[PDB]
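Trainee: To be precise about what I am sending: the file is called start-v1.cif and holds mmCIF, C-alpha atoms.
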```cif
data_query
#
loop_
_atom_site.group_PDB
_atom_site.id
_atom_site.type_symbol
_atom_site.label_atom_id
_atom_site.label_comp_id
_atom_site.auth_asym_id
_atom_site.auth_seq_id
_atom_site.Cartn_x
_atom_site.Cartn_y
_atom_site.Cartn_z
ATOM 1 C CA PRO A 2 -5.965 21.368 -28.323
ATOM 2 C CA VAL A 3 -9.056 19.379 -27.186
ATOM 3 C CA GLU A 4 -7.913 15.792 -27.961
ATOM 4 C CA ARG A 5 -9.148 12.569 -26.298
ATOM 5 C CA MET A 6 -6.220 10.302 -25.331
ATOM 6 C CA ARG A 7 -8.773 8.222 -23.292
ATOM 7 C CA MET A 8 -8.345 7.616 -19.544
ATOM 8 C CA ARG A 9 -8.269 3.750 -19.876
ATOM 9 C CA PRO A 10 -5.069 3.797 -22.012
ATOM 10 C CA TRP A 11 -3.754 6.938 -20.194
ATOM 11 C CA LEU A 12 -3.762 4.861 -16.961
ATOM 12 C CA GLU A 13 -2.529 1.673 -18.702
ATOM 13 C CA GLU A 14 0.472 3.845 -19.765
ATOM 14 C CA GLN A 15 1.140 5.660 -16.408
ATOM 15 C CA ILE A 16 0.747 2.296 -14.604
ATOM 16 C CA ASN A 17 3.054 0.498 -17.109
ATOM 17 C CA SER A 18 5.633 3.343 -17.005
ATOM 18 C CA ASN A 19 5.372 3.479 -13.156
ATOM 19 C CA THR A 20 5.537 7.314 -12.875
ATOM 20 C CA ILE A 21 4.293 7.375 -9.221
ATOM 21 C CA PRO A 22 6.190 5.388 -6.537
ATOM 22 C CA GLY A 23 3.198 3.219 -5.521
ATOM 23 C CA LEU A 24 0.800 3.351 -8.522
ATOM 24 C CA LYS A 25 1.377 0.259 -10.723
ATOM 25 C CA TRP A 26 -0.019 -3.043 -12.087
ATOM 26 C CA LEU A 27 -0.317 -5.576 -9.229
ATOM 27 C CA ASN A 28 -1.274 -8.216 -11.831
ATOM 28 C CA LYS A 29 -0.804 -6.682 -15.337
ATOM 29 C CA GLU A 30 -1.558 -10.133 -16.881
ATOM 30 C CA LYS A 31 -5.222 -9.779 -15.737
ATOM 31 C CA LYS A 32 -4.870 -5.924 -15.898
ATOM 32 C CA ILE A 33 -4.923 -5.173 -12.122
ATOM 33 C CA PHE A 34 -3.486 -1.733 -11.247
ATOM 34 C CA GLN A 35 -3.214 -0.069 -7.816
ATOM 35 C CA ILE A 36 -2.790 3.671 -7.088
ATOM 36 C CA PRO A 37 -1.830 5.204 -3.682
ATOM 37 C CA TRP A 38 -4.247 8.252 -3.907
ATOM 38 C CA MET A 39 -4.209 11.250 -1.493
ATOM 39 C CA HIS A 40 -5.486 9.233 1.542
ATOM 40 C CA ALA A 41 -3.453 11.784 3.573
ATOM 41 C CA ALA A 42 -4.889 15.097 2.249
ATOM 42 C CA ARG A 43 -8.632 14.584 1.661
ATOM 43 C CA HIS A 44 -8.773 18.178 0.252
ATOM 44 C CA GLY A 45 -5.502 19.950 -0.795
ATOM 45 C CA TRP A 46 -2.380 19.709 1.468
ATOM 46 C CA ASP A 47 -0.519 16.361 1.874
ATOM 47 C CA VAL A 48 -1.769 15.522 -1.678
ATOM 48 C CA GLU A 49 1.528 15.530 -3.658
ATOM 49 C CA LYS A 50 1.724 11.689 -3.964
ATOM 50 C CA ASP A 51 -0.794 11.584 -6.853
ATOM 51 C CA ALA A 52 -0.987 15.373 -7.527
ATOM 52 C CA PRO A 53 1.078 14.959 -10.774
ATOM 53 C CA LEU A 54 -1.740 12.696 -12.027
ATOM 54 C CA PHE A 55 -4.635 14.368 -10.231
ATOM 55 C CA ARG A 56 -3.393 17.772 -11.573
ATOM 56 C CA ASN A 57 -2.873 16.405 -15.141
ATOM 57 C CA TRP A 58 -6.631 15.423 -15.027
ATOM 58 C CA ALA A 59 -7.543 19.057 -15.847
ATOM 59 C CA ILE A 60 -5.359 19.001 -19.010
ATOM 60 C CA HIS A 61 -5.621 15.252 -19.835
ATOM 61 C CA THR A 62 -9.436 15.121 -19.359
ATOM 62 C CA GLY A 63 -9.768 18.503 -21.219
ATOM 63 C CA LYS A 64 -11.294 20.461 -18.297
ATOM 64 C CA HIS A 65 -8.895 23.334 -17.390
ATOM 65 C CA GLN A 66 -6.539 25.387 -19.609
ATOM 66 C CA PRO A 67 -3.354 27.105 -18.337
ATOM 67 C CA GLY A 68 -3.584 30.792 -19.407
ATOM 68 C CA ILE A 69 -7.385 30.873 -20.015
ATOM 69 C CA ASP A 70 -9.222 29.408 -16.971
ATOM 70 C CA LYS A 71 -8.408 28.974 -13.239
ATOM 71 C CA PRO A 72 -6.265 25.966 -12.239
ATOM 72 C CA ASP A 73 -8.539 24.791 -9.361
ATOM 73 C CA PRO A 74 -7.091 21.548 -7.917
ATOM 74 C CA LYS A 75 -10.050 21.219 -5.468
ATOM 75 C CA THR A 76 -12.369 20.101 -8.315
ATOM 76 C CA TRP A 77 -9.501 18.097 -9.921
ATOM 77 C CA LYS A 78 -9.568 15.940 -6.747
ATOM 78 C CA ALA A 79 -13.261 15.075 -7.401
ATOM 79 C CA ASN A 80 -12.485 14.567 -11.138
ATOM 80 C CA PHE A 81 -10.154 11.674 -10.112
ATOM 81 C CA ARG A 82 -12.968 9.970 -8.143
ATOM 82 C CA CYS A 83 -15.432 10.261 -11.105
ATOM 83 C CA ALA A 84 -13.030 8.132 -13.199
ATOM 84 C CA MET A 85 -13.242 5.396 -10.500
ATOM 85 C CA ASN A 86 -17.058 5.453 -10.837
ATOM 86 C CA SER A 87 -16.553 5.141 -14.652
ATOM 87 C CA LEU A 88 -15.023 2.497 -17.030
ATOM 88 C CA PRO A 89 -17.281 -0.536 -16.314
ATOM 89 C CA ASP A 90 -14.138 -2.715 -16.027
ATOM 90 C CA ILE A 91 -12.422 -1.242 -12.897
ATOM 91 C CA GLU A 92 -12.732 -2.862 -9.419
ATOM 92 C CA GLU A 93 -11.576 -0.596 -6.537
ATOM 93 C CA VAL A 94 -10.340 -2.293 -3.329
ATOM 94 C CA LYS A 95 -8.961 -0.138 -0.444
ATOM 95 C CA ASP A 96 -9.484 -2.834 2.293
ATOM 96 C CA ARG A 97 -11.738 -2.352 5.383
ATOM 97 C CA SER A 98 -10.163 -3.877 8.562
ATOM 98 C CA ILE A 99 -7.022 -5.783 7.477
ATOM 99 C CA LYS A 100 -4.413 -3.990 5.271
ATOM 100 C CA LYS A 101 -4.643 -0.761 7.327
ATOM 101 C CA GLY A 102 -1.134 -0.254 8.823
ATOM 102 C CA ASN A 103 1.371 0.804 6.109
ATOM 103 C CA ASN A 104 -0.205 2.739 3.188
ATOM 104 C CA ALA A 105 -3.851 1.658 2.555
ATOM 105 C CA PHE A 106 -4.020 2.641 -1.151
ATOM 106 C CA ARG A 107 -6.746 1.794 -3.722
ATOM 107 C CA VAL A 108 -6.149 -1.398 -5.748
ATOM 108 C CA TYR A 109 -8.160 -1.197 -9.003
ATOM 109 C CA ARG A 110 -8.704 -4.313 -11.152
ATOM 110 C CA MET A 111 -9.128 -3.194 -14.788
ATOM 111 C CA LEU A 112 -10.603 -5.576 -17.401
ATOM 112 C CA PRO A 113 -9.700 -5.500 -21.150
#
```
Starting from the coordinates I provided, produce the structure as structure tokens.

Mentor:
Amino acid sequence: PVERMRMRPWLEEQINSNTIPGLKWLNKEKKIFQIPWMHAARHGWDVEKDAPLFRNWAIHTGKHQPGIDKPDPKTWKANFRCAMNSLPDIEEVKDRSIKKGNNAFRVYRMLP
């Protein structure tokens, strides 16, 4: 019911399995993974690219339960960002004025 699969390995798995067309290890040897994120919908509309992950956050991070509480995706969006400010081994890189004409995702370098 309330287990702790751990986000670090949860991502190492999703990234290795390549469940989202864009999220994946750019350099798995040094553990570098990049996700596309919902750069399009900053709230809740064009946010289906990473919604399967973002939505799983509520169940994977043990925060929302289907049948007992309300499935609010608005907070799930913020939950995703908290993970980026966590695990003292992740380096987020979304570019600033160069790679901004194709996708502009968030490349995260994860240490061991």

Trainee: Hey, what's within 12 Å of residue 89 in chain A if we count all atoms listed in the file and toss same-chain stuff fewer than 5 positions away? As a PyMOL selection string, please?

Mentor: chain A and resi 9+84+109-113

Trainee: Please evaluate the PyMOL selection byres ((chain A and resi 94) around 7) against the displayed coordinates and give the resulting residues as a CSV table (one decimal) with C-alpha atoms, keeping the file's coordinate frame.

Mentor:
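Here's the written file out.csv:
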```csv
chain,number,residue,atom,x,y,z
A,92,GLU,CA,-12.7,-2.9,-9.4
A,93,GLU,CA,-11.6,-0.6,-6.5
A,95,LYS,CA,-9.0,-0.1,-0.4
A,96,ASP,CA,-9.5,-2.8,2.3
A,107,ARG,CA,-6.7,1.8,-3.7
A,108,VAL,CA,-6.1,-1.4,-5.7
A,109,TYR,CA,-8.2,-1.2,-9.0
```

Trainee: Could you tell me how far CA of residue 37 in chain A sits from CA of residue 102 in chain A, in Å to one decimal place?

Mentor: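 These two atoms are separated by 13.7 Å.
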
Trainee: With the file shown as input, list the residues that the PyMOL selection byres ((chain A and resi 35) around 12) selects, as JSON, numbers by chain.

Mentor: {"A": [12, 13, 15, 16, 17, 19, 21, 22, 23, 24, 25, 26, 27, 28, 29, 32, 33, 34, 36, 37, 38, 51, 85, 91, 92, 93, 94, 95, 104, 105, 106, 107, 108, 109, 110, 111]}

Trainee: In Å, how far is it from CA of residue 5 in chain A to CA of residue 53 in chain A?

Mentor: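 We find that CA of residue 5 in chain A and CA of residue 53 in chain A lie 18.7 Å from each other.
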
Trainee: Considering only C-alpha atoms, can you say which of A:4, A:18, A:74, A:39 comes closest to residue 58 in chain A?

Mentor: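 That would be A:74, the residue with the smallest distance to residue 58 in chain A.
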
Trainee: Closest to residue 81 in chain A among A:56, A:40, A:65, A:97, using all atoms listed in the file?

Mentor: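 For residue 81 in chain A, the nearest of the given residues is A:56.
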
Trainee: Would you work out the distance separating CA of residue 6 in chain A from CA of residue 61 in chain A, expressed in Å to one decimal?

Mentor: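 These atoms are spaced 7.4 Å apart.
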
Trainee: Using all atoms listed in the file, find the one residue out of A:2, A:8, A:99, A:30 that sits nearest to residue 62 in chain A.

Mentor: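 Answer, going by the shortest atom-to-atom distance: A:8.
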
Trainee: As JSON, please report the centre and edge lengths, rounded to one decimal in Å, of the axis-aligned box that holds all listed atoms of range 73-79 of chain A with 5 Å of padding on each of the six sides.

Mentor:
```
{"center_x": -10.2, "center_y": 19.9, "center_z": -7.7, "size_x": 16.2, "size_y": 19.7, "size_z": 14.5}
```

Trainee: I need the residue nearest residue 64 in chain A from this list: A:80, A:43, A:100, A:20. Use all atoms listed in the file for the distance.

Mentor: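 Checking each candidate against residue 64 in chain A, we get A:80 as the closest.
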
Trainee: Give the answer as one residue: which of A:101, A:63, A:76, A:86 has the shortest atom-to-atom distance to residue 7 in chain A, using all atoms listed in the file?

Mentor: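 Closest residue, counting all atoms listed in the file: A:63.
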